[PDB]
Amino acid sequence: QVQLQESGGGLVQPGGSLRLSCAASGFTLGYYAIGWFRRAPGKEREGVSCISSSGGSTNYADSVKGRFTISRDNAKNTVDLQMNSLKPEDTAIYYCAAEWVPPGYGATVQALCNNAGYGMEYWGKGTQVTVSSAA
């Protein structure tokens, strides 16, 4: 009965901003590192941005540095992704995924993010972000 659910998808003007949210039910999201991953039309799934369970460590794809901001609220059981200065290239399905990082590793969530998300335990159904002049 474990569920991850993304929300915030939609259609925004290039240069505009958009906020995504990942909510959990059936478990405590706060024990888990969370990644936001996206699949664009034609390309393969890529790590957008990641955050550790306590929130101390983050990772950003070079594509989104300074534009995207990941955060979380372990009281409210959520993780957020703030997307500013959106570009057409950001158009994709955005997924939220959750993975428990065992003790005995580095503090970093860098490898958690650069590897297209293979092995991440839990996944949301995904939500659509489209950036176009059609907005």
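Don't overthink the numbering: it's just position in the shown sequence, from 1.
Comparing 81 to 89 with 31 to 39, the stretch with the higher mean C-alpha B-factor in the PDB entry is 81 to 89. Per the PDB record, of the two stretches 97 to 105 and 40 to 48, 40 to 48 carries the greater mean B-factor over its C-alpha atoms. In the PDB entry, residue 129 places in the middle third of its chain by CA B-factor. Sorting the modelled residues of the chain by their CA temperature factor places residue 71 in the lowest third. In the deposited entry, the Cα temperature factor of residue 23 sits in the middle third of values across the chain's modelled residues. In this PDB entry, the Cα temperature factor of residue 12 sits in the top third of its chain's modelled residues, the highest group.
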